[PDB]
Amino acid sequence: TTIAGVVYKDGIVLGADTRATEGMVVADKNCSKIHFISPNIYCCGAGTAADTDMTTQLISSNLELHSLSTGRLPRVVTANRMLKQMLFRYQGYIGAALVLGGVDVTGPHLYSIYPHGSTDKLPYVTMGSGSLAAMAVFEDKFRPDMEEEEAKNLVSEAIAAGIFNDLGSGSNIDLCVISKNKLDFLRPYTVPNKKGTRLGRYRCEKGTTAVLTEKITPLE
Amino acid sequence: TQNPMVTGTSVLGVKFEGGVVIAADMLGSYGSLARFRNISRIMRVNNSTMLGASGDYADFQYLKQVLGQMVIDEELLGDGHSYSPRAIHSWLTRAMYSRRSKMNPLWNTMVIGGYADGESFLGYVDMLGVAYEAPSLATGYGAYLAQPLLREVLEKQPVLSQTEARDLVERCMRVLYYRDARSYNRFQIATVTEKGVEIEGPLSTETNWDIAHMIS
Amino acid sequence: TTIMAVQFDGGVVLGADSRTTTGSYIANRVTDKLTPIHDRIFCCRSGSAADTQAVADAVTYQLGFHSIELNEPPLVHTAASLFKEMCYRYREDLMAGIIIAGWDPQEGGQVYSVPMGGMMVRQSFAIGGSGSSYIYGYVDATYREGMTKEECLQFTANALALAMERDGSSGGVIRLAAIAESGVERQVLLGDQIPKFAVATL
Amino acid sequence: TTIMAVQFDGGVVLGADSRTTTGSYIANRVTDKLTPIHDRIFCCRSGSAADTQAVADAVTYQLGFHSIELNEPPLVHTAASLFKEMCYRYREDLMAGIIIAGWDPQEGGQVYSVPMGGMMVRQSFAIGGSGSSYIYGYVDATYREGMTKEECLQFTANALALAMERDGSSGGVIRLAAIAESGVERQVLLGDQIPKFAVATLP
Amino acid sequence: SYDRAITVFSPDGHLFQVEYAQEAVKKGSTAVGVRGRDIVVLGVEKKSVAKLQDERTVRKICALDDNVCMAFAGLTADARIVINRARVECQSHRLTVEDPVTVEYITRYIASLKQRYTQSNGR
Amino acid sequence: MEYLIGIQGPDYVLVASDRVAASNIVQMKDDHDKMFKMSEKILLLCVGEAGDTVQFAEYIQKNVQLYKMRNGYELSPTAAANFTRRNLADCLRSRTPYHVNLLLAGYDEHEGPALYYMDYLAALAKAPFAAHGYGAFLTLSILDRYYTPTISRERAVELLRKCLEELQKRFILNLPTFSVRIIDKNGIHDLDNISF
Amino acid sequence: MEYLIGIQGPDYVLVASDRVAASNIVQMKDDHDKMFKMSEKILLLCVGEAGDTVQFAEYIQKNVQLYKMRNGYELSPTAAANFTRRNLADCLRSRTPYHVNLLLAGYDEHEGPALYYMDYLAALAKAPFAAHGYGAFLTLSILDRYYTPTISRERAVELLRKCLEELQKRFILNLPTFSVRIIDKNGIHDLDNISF
Amino acid sequence: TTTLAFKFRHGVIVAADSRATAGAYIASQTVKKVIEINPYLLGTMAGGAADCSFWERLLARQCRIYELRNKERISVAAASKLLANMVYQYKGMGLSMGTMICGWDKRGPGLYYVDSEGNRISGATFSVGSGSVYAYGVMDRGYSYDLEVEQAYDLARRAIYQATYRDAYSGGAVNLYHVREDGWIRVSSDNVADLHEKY
Amino acid sequence: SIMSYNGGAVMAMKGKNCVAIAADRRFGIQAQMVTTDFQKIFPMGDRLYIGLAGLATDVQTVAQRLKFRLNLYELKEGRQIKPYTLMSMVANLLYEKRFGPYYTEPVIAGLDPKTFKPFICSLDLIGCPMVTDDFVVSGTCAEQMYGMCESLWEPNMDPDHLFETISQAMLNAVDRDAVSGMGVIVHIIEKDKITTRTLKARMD
Amino acid sequence: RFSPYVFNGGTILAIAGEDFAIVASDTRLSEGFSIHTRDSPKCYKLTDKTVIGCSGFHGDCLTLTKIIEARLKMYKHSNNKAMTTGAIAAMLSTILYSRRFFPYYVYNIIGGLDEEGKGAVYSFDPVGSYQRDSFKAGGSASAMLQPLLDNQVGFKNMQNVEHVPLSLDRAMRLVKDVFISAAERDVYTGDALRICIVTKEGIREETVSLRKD
């Protein structure tokens with residue numbers, strides 16, 4: 001997994017890959033690792049995938065309760081406190097390692113949330129097994145208050161470095177560009193990896209498989 | 001060595017057109033303690049071969065001892081045969097594998113850069129005998145933080161100049177200083193070319209801490 | 001991690017580095033380890049980051065509610081006692097070393113240590129973290145009775161520079177905070193502002 | 001243990017504490033941790049007492065025989081190479097951090113660290129032991145280029161007194177030794193001779 | 001250890017130590033063996049009868065296994081050494097093949113023992 | 001577990017052993033002999049770790065047969081017992097120990113009959129009866145109950161059959177047949193295999 | 001170790017169990033029934049960890065009897081098997097797990113005969129023949145070799161006698177007698193004990 | 001793995017499967033688990049395939065040296081005793097070997113089971129492997145010394161088939177050899193799917 | 001490993017307007033085969049199946065509690081469940097046992113009851129859903145199934161080529177796993193019919 | 001504690017033909033979750049008729065193949081002829097058993113020509129059990145590639161298909177297809193595919209691309 005996020009002049013660019021591994025086998029080639037939290041806040045997820053899924057769904061639900069009650073657009077620090085207090089309550093056993101980005105009334109805010117419950121409010125964060133490659137790209141080329149497309153190229157470059165340099169990362173680059181005026185959930189943003197064209201042909205025609213019994217059941 | 005004591009962090013290395021450049025910081029870390037801060041983790045092997053080592057530093061001093069005695073004993077003969085960089089790399093591969101096979105490893109990871117007969121050499125050897133060659137090498141946390149930058153440039157532009165390789169090396173050492181907890185802002189850059197091995201040091205990084213104000 | 005706070009006449013000077021390590025990877029190199037607990041009471045967080053952020057937020061909650069009920073500024077010994085009760089009650093679940101330092105109208109500038117285990121002691125200067133071990137001799141040799149604000153800022157800056165120089169867990173920038181009656185002045189020392197020292201070359 | 005050796009112009013100053021602990025029982029409280037290897041070469045011993053005594057005895061043997069063969073006073077680099085060879089060859093067998101410091105006619109006053117594992121490095125000043133961790137910051141902010149014999153004696157005594165104050169495995173008396181061309185001057189600091197540092201009590 | 005070449009060649013092509021060992025055999029008592037149909041008979045010469053001699057300990061006919069015995073001629077001390085070596089080898093062969101020796105097997109063993117002491121150092 | 005038993009009368013030694021070789025669930029051989037003829041009047045009955053039994057006992061057997069070849073007379077059963085005990089005790093602290101439980105049965109012309117217990121540590125014990133295996137726990141009390149030192153060999157076979165009937169009744173492993181031999185002045189005699 | 005076998009024919013289920021209770025080397029009981037009559041046409045056959053067998057199986061027994069008394073009709077073997085599997089799986093990850101291996105035989109009025117295999121994890125399988133124990137390893141191949149779905153009950157008792165004779169021949173544990181029962185349209189019938 | 005062998009009136013029938021598994025992954029379906037030691041002895045392969053293959057090849061080497069030195073072929077007893085003495089020097093060192101040395105000699109047919117734990121037992125019938133118990137079932141139910149030769153082939157093929165049917169670690173082909181007095185022969189290699197259609 | 005205790009090998013493959021789900025038929029306790037007709041694909045609707053590999057007791061437990069929850073859902077709601085909603089139901093059921101987890105990994109193959117769009121997905125043991133458009137595999141022969149399906153799956157297959165593809169994938173995949181196999185049953189799910197076939201598989 | 005082993009990944013493959021053997025492998029050397037180099041072929045020429053594929057612990061791969069090259073030279077010196085492929089197979093069996101108690105963690109598949117000119121594949125375990133095959137995958141994606149070559153080369157579980165002889169071109173397309181299929185799903189398989197084709201004309205060598213992630 002390589003997930004990454006920056007803060008540019010007008011907002012948040014989040015990024016992720018799409019490879020899910022079960023062991024050292026690519027199980028899903030097109031996993032969606034950028035998760036809805038609120039209409040202004042998304043969250044990238046790494047760690048135990050079921051933990052990040054159910055964790056982000058519960059906190060997305062609680063921000064929906066919260067913003068229905070307040071009638072306001074929810075803050076990124078509210079999602080931050082909910083995430084870090086539940087992950088500290090569960091003693092680090094829910095392995096939800098999360099990149100929390102969003103734009104609210106106080107501006108663009110970016111968070112990285114560790115499974116034990118510690119948070120970092122940073123202009124650029126990366127997580128996953130391919131996090132150090134992407135942080136090498138960020139420490140190489142980050143400028144404060146970039147343009148939108150400079151930040152998109154930077155985050156796609158960080159995710160691409162994690163893809164090509166880490167075995168647990170690959171197959172596509174997703175982005176989520178967040179600002180005050182929009183929400184560009186770019187899935188996919190880049191396809192770096194194409195499957196090689198099949199040179200042969202393996203269409204096993206009708207009658208190739210021997211059948212012992214057959215039960216046809218018609219439907220309505 | 002079963003338990004390494006004073007160790008070194010990442011040693012970089014990248015080939016360019018006309019030679020090889022490697023780099024390593026000047027720190028021996030005894031645990032988390034930055035204990036020995038003016039050591040040289042780069043050996044000049046002979047006129048066309050140089051070495052740099054991560055891992056345990058006493059074992060690197062043993063390998064400096066043995067390999068320097070090999071190059072002395074070779075040059076005593078005066079018969080016009082020098083060890084190639086590939087020969088030093090093969091000797092180290094066999095040495096580290098033989099120490100592995102006795103279950104008494106030399107706790108190192110070594111980058112053998114060289115330039116012989118118009119041909120750059122850059123070879124990796126670790127404590128197990130896993131040895132190979134690459135246009136860019138990086139040990140320790142350099143494989144995580146600098147080998148991405150090195151291989152991204154070497155995939156766009158496969159043949160570097162000497163200043164392009166030096167700039168890439170210094171910028172990778174900057175990244176290693178930001179994100180490796182055992183690095184140090186004091187490093188040597190050694191460049192073997194057709195003119196020989198040239199160790200420049202100490203050099204330091206120009207860091208950037210503008211994000212220390214970017215909280216609120 | 002190296003945290004430090006020095007009492008002077010009129011207030012306190014706090015200091016911390018900015019390096020958070022995940023093993024030997026610098027996960028965060030601009031970490032704000034100086035947490036404002038109340039308006040003139042800060043803490044210095046060392047140890048497990050989740051533990052220190054949890055206990056700092058909980059003492060911030062309890063202390064702000066205490067101050068609104070009592071309609072007064074809180075005592076620094078009150079915030080230190082709340083850290084003591086939390087860090088002693090969960091001392092087998094927490095790995096958190098805290099230095100509480102602040103000012104209050106009743107008892108001046110104060111520095112309290114709450115290390116791991118959950119005890120509490122008032123000190124003139126406190127150091128903590130994995131890098132404070134490398135500057136115990138420096139702060140024993142250098143601390144003078146009755147330094148001023150600028151002298152304590154310089155003393156804290158020098159000792160944190162030394163600890164950042166020797167510890168691998170320490171590094172980054174120096175975050176200083178000086179708390180007095182007029183308010184809190186904070187400053188970040190980065191690059192050449194961090195006090196350099198010569199390595200004994202040749 | 002806190003051991004220390006500082007190089008000046010014309011020789012070195014060595015310094016150690018005197019405490020040998022068996023856990024938290026002080027087995028010897030006046031331990032002489034400075035060992036004369038040769039006439040103008042000492043070693044500072046830290047680590048396992050049996051290991052450091054045996055290695056210092058064996059290097060004393062080898063270096064004395066070497067100096068009688070060569071009809072020369074030995075080098076300080078030679079003594080440190082012997083400690084390095086014995087502490088590297090038996091690095092899984094020993095717990096021995098040695099500072100070798102002395103004088104030689106060819107290169108002057110030299111201090112070499114041979115820490116655990118068995119590497120070897122020449123340093124301007126060197127500290128070691130369990131207590132040296134407490135005075136890394138003091139010796140870095142305090143060491144000056146070009147100090148005299150008396151300034152190096154006072155710097156060694158101060159840093160040893162600081163380390164002996166914070167370490168429990170360090171304490172006792174301060175055994176100093178300055179080695180130059182003229183010879184070896186050893187002295188013991190005790191009582192008020194050890195530099196005091198005032199505890200910051202609450203005003 | 002003693003490692004001189006005792007048994008060597010001669011300019012006429014002869015191993016003189018082997019020929020002199022044959023001379024040592026030709027001063028020993030006359031051992032005669034005849035192979036019959038269902039019996040094999042050994043008979044040796046006493047030649048030092050000497051009625052004070054207890055006749056059991058100077059028997060020159062020794063049994064090697066349940067089905068192999070032997071008679072010798074020559075040095076009885078060398079003989080007793082070779083007899084004990086052959087008895088050990090008969091037991092080792094019953095151990096390793098679960099069958100007794102053939103007479104060819106233990107004869108080949110005794111002959112290879114004698115030949116190895118014609119070519120080894122210091123023997 | 002494998003079962004041995006010896007019974008020492010006035011002028012005979014009666015030994016029996018289970019006739020089973022097993023591999024942990026299956027009885028791979030149900031006609032397996034655990035008795036080893038050392039000499040014409042000495043049996044060594046061996047159970048223990050697999051491999052060690054046959055290797056150790058064939059070592060002991062070739063050295064006792066080699067003693068007879070070297071010397072024209074046999075070892076006494078006392079000397080065979082002490083030889084076996086000595087080799088087992090020497091190999092106890094070596095690199096290759098033998099984990100074998102031993103009953104050495106024997107008839108001497110002067111000493112009479114003799115039975116020797118020997119555990120795997122090589123403690124040697126002369127006994128009027130002895131047994132190994134977990135079936136010894138069930139059968140030695142029957143032997144304590146019914147043995148007298150003047151027992152006839154017919155009553156000894158009936159007492160042996162009482163022990164084996166107890167193994168059929170009460171013991172948990174199937175041990176259907178038992179190789180029964182007897183040693184006296186006329187040598188070693190195969191008695192009838194007690195079967196169930 | 002404890003042996004179960006069921007052989008399910010066209011209008012019957014033949015079941016057998018070994019009849020031995022053991023304590024570590026001894027058999028404490030040799031007329032020990034491992035078949036627990038659930039209803040008039042259902043047998044549960046229960047082996048496994050000591051204590052857990054009688055507790056779990058008598059729990060299932062009293063609850064099937066409670067079903068019959070509450071309802072005025074019995075559970076089917078499918079419904080009893082699924083109830084038994086539900087209780088054994090609901091106790092699996094709890095504080096009190098039962099380590100019991102089960103055979104559920106039974107004749108249903110509508111569905112005919114049924115034989116249910118169930119292990120200690122409570123995975124329930126329906127089988128024409130099934131067996132527990134280490135003797136299952138020796139006898140399921142005989143069953144596979146000689147079972148036909150149209151086997152008569154005399155031929156099924158013959159096939160059972162082949163499997164138990166294999167236990168007497170090859171298996172290491174003394175399993176002399178076997179309780180044998182058939183469930184029919186007429187209920188549960190005790191056959192003779194197949195003894196050896 | 002499933003091997004078996006039984007002595008009957010007309011020699012020794014040896015049978016084996018052909019499946020080698022690397023844990024749960026079936027590495028091969030064509031493993032020759034009846035090692036052809038010389039033209040007069042057969043050995044089998046259960047335990048480690050490399051251990052069995054190496055030590056019975058070294059057995060073949062030593063038996064051929066025996067035949068050259070003594071001008072006669074070795075017996076089954078001496079060959080199995082050599083194999084047992086070879087593998088006895090590695091107790092606790094981790095050899096996984098379980099095998100059956102099968103042949104004819106001057107005592108008639110020979111069948112000695114030899115393993116790395118140190119057993120060396122002769123016997124009328126054996127079965128070695130993970131599915132050895134399912135082979136002992138069918139084999140012990142169908143065995144007599146007076147099996148006719150085709151009936152002995154049918155017994156061994158059916159027992160290896162039933163063991164492959166129950167054991168997961170057994171499968172592939174049923175390789176069947178027959179040791180006669182003039183040396184062994186290869187009888188059949190029948191795929192277990194084909195025997196499934198047969199049976 | 002708790003998963004490999006019984007074996008188990010289930011896959012689900014997507015076609016054009018059709019899905020295929022296929023499972024092996026061995027129930028075995030470790031090495032010993034017990035039955036050859038174990039059900040590992042249960043019906044969860046007319047055009048909606050779930051396949052469960054793993055520990056056979058948790059196959060039965062998860063399938064029965066899912067059928068419980070599903071019948072209550074389809075009566076309380078008055079509709080057949082959408083296959084995405086079934087996936088969320090299974091994911092909830094597995095994640096309730098997050099630290100006490102059901103050792104089974106489901107695959108769901110079905111058509112939408114209103115749109116007849118093909119749905120396949122699969123889950124881990126604690127309920128991480130994973131929807132694909134080509135194939136999902138689950139069981140002790142996972143890598144064999146990934147090799148066979150990644151080679152043989154081609155888009156837009158009719159149910160005949162879908163049957164042949166999932167059949168060759170399952171057969172040659174479970175013929176390289178020991179504790180799997182002993183038969184393969186294959187369910188082709190079309191709009192207008194359910195085709196259920198069992199295959200001539202190897203029985204060793 | 002010190003571990004003398006690391007898993008370096010890499011899938012190797014051999015296919016025998018009627019007049020050829022093909023030995024193929026990827027070029028990715030790995031360790032843990034990082035890629036050492038993308039150009040590290042695992043096929044090694046031994047004679048003019050033999051290529052060995054080595055995957056597993058790469059230190060043992062380097063050492064083992066240098067030992068095999070040394071022993072080929074020792075045979076050619078003392079026997080005045082090159083080794084046959086079956087001789088290399090049996091020699092490597094004794095070599096891999098010579099380290100039985102501290103094994104080479106190497107997956108070996110010798111592919112080449114025999115003395116009849118036909119294809120020969122010998123696939124080994126890490127401790128030297130070899131048998132002769134028609135095709136074998138070994139290495140990281142061996143469980144991914146061995147069923148498809150049971151299907152498409154072995155013709156298993158196919159009814160009503162004539163078992164045609166395996167040409168060079170169809171087997172080359174099979175090798176390229178199995179490695180694209182393995183580089184999709186295996187994380188250790190990728191970056192390139194080195195194919196060595198052993199015919200009677202020689203050993204020709206062909207590299208194609210794979211995924212770089």
Side-chain angles (χ1 to χ4, degrees), chain A residues 2 4-9 12 17 75-77 80 104-112 119-146 151 153-154 156-170 192-193, chain B residues 9-14 23 25 54 124 130 134-158 160 164-183 185 205 207-216:
Chain A
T2 301
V6 300
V7 177
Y8 69 101
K9 185 182 262 78
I12 302 297
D17 58 351
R75 289 175 182 262
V76 186
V77 68
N80 192 7
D104 59 355
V105 297
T106 59
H109 301 290
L110 184 63
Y111 285 134
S112 66
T119 60
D120 292 330
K121 184 175 185 294
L122 291 174
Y124 57 91
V125 296
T126 63
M127 302 269 232
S129 65
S131 64
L132 277 72
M135 184 59 73
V137 171
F138 282 168
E139 292 292 331
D140 192 74
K141 291 184 179 182
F142 181 78
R143 292 184 291 111
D145 295 331
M146 291 180 286
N153 292 121
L154 183 63
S156 68
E157 186 179 1
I159 300 301
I163 285 168
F164 290 104
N165 288 309
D166 186 72
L167 296 177
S169 297
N193 297 114
Chain B
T9 187
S10 299
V11 178
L12 298 181
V14 60
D25 63 352
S54 298
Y124 183 89
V130 178
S136 67
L137 296 178
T139 68
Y141 280 88
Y144 299 150
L145 293 168
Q147 193 72 264
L149 296 175
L150 291 173
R151 291 184 297 180
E152 196 273 335
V153 174
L154 271 293
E155 179 65 24
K156 294 190 267 75
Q157 182 181 1
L160 296 174
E164 291 177 353
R166 184 179 174 89
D167 289 13
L168 184 60
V169 165
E170 291 178 353
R171 198 169 70 246
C172 290
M173 289 299 291
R174 189 181 299 120
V175 174
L176 293 177
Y177 181 70
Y178 295 129
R179 296 287 175 177
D180 188 1
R182 301 293 180 269
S183 62
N185 197 0
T205 59
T207 62
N208 195 359
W209 297 96
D210 290 332
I211 64 168
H213 298 91
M214 294 182 72
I215 308 300
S216 178

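Because only heavy atoms are used, hydrogens play no part in the values below, and waters and symmetry mates are left out as well, while side chains stay in. All chains are named by letter (A, B, ...) in the order of the sequence lines, taking the proteins before the strands, and each is independently numbered beginning at 1.
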Response to the item:
Here the gap from B:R179 atom CZ to A:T126 atom OG1, rounded to the nearest 0.5 Å, amounts to 7.5 Å
Worksheet entry | From CG (B:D210) to CZ (A:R143), nearest 0.5 Å | 11.5 Å
Worksheet, complete the sentence: Rounded to the nearest 0.5 angstrom, the NZ-CE distance for A:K121 and B:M214 is 8.5 Å
Item to complete: Looking only at non-hydrogen atoms, find the nearest pair between B:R151 and A:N165 and report the distance.
Response: NH2-OD1, 2.6 Å
Worksheet item: For the residue pair B:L149 and A:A136, what are the closest heavy atoms and their distance?
Response: CD2-O, 3.8 Å
Discussion item. For B:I215, which atoms come within 4.5 Å of any heavy atom of chain A: side chain, backbone, both, or neither?
Written reply: both
Worksheet item: In this structure, are over 12 heavy atoms from other groups packed under 6.0 Å from B:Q157 atom CD?
Response: yes
Discussion item. Out of A:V137, A:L132, A:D166, return the one with the most heavy atom pairs under 4.5 angstrom to chain B.
Written reply: A:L132
Worksheet item: Side chain, backbone, both or neither: which part of A:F142 has a heavy atom under 4.5 Å from chain B?
Response: side chain
Discussion item. Counting only heavy atoms not in B:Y144 (residues, nucleotides, ligands), do more than 12 fall under 6.0 Å from its OH?
Written reply: no
